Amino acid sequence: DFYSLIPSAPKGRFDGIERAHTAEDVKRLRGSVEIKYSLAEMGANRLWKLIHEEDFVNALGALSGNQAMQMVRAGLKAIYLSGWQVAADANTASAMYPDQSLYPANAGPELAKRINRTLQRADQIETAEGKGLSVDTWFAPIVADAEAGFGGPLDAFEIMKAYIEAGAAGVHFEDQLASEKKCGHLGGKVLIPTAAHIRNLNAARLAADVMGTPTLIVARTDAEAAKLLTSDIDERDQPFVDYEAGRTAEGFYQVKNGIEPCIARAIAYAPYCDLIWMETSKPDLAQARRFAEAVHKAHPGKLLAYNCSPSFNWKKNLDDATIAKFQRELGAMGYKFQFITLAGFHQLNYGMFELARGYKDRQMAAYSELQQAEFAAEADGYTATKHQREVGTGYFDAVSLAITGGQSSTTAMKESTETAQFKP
């Protein structure tokens, strides 16, 4: 029934998934023509495959197309798209922001589109070279941050559709009040009622159904640390409300935080998402296990996601051996999607700071060192030292030669310095 509305959806894709809406609602709200969303289809089906086939799927947050490309080239199988990074350095207000949903709601889907188009060029380049791809596929699924939905269920509906149009494979929504949204590891977090987040999630699924894509939905809870709640209207929340403490001047209720409300919320959200994620204060395998065991008593086999956050001081928290085994252990507990949210931001900022300091100190010696490290990384599959090829100069040369029946006088690669100075 829903399978006939989402024809690319694989067998069993919606096992255990509940929807507030009917299949007739979907048809009534689809409009009258079939529009295909190819990259979203492929990405969602490949993600679904990967999380059921791998020990675990691990990703890094990409703030640019080029970043994503190198992740796939290095052999990673998924890309994470961080709202935090979007805020910091890649949003549609062209500003640097903290992670508080301050940027315009279109910014995340615009970055998803950029990432897919860079992966597309990479694919075109290798296809045109005629020797096979250097990766399994350039179209690694993107799991993308929709934050708190940017307001109400209609806002969640809209950003879900925008991510699908951009070609995202999975999207995550958290039970925070959008107007007070924070980074998971910042203070000042405000939860919305269990029912209200279930609305966001159903809105996301209605968006996917109407677009006709089996897009994955990740439900996130921020209840491990949050001590505020907008309303106690939901009886599932009331046991955690500290009534003696009274409301804040904003009218927020105050709540008991920790693993317990995370477990209750996750169990309530489970039927309305494909993966469940709980934010934590520390990289704590024991806590990760307790959460997974409690969810799995209610919902055996439910797939989980885990943020390996740069907001944790890793070696302050853990010894080298536990750090080394961390993701493998999490995978065996059922955390099949694991991501370093701010990997791109830290890599970009650290790397350019060190380059710039070296350059300041020793000028071209500092740059030659980077280039020599680039040459040495070629044995490991790095290609970008030859930057003209990397970005598609050779592909466009071939476009021009096809347009002109081989006759163009103005092709790029042949008399280039890349060709003359960058041979084996």
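Residue indices: 1-based, along the sequence shown.
Novice: Higher average CA B factor in the deposited record is what I'm after, so tell me if that's 275-283 or 211-219.
Specialist: For C-alpha atoms only, the mean B-factor is higher in 275-283.
Novice: Do the CA atoms of 286-294 or those of 92-100 have the higher mean B-factor in the entry?
Specialist: Mean CA B-factor is higher for 286-294.
Novice: Pick out which of 65, 358, 43, 61 has the highest C-alpha B-factor in the PDB entry.
Specialist: 358 has the highest C-alpha B-factor of those listed.
Novice: Given 244, 145, 155, 224, identify the residue with the highest C-alpha B factor in the PDB entry.
Specialist: By C-alpha B-factor in the record, 244 ranks first.
Novice: Lowest, middle or highest third: where is residue 31 by Cα B-factor in its chain?
Specialist: Top third by C-alpha B-factor.
Novice: Comparing residue 333 with the other modelled residues of its chain, is its CA B-factor in the lowest, middle or highest third?
Specialist: Tercile = highest for this residue's CA B-factor.
Novice: Would the CA B-factor of residue 319 place it in the lowest, middle or highest third of its chain?
Specialist: CA B-factor rank for residue 319: highest third.
Novice: Consider only the C-alpha atoms of the modelled residues in this chain, order them by B-factor as the entry records it, and name the third containing residue 85: lowest, middle or highest.
Specialist: According to the entry, residue 85 has a C-alpha B-factor in the chain's lowest third.
Novice: When the deposited Cα B-factors of this chain's modelled residues are ordered and cut into thirds, is residue 368 in the lowest, the middle or the highest one?
Specialist: Residue 368: CA B-factor falls in the highest third of its chain.
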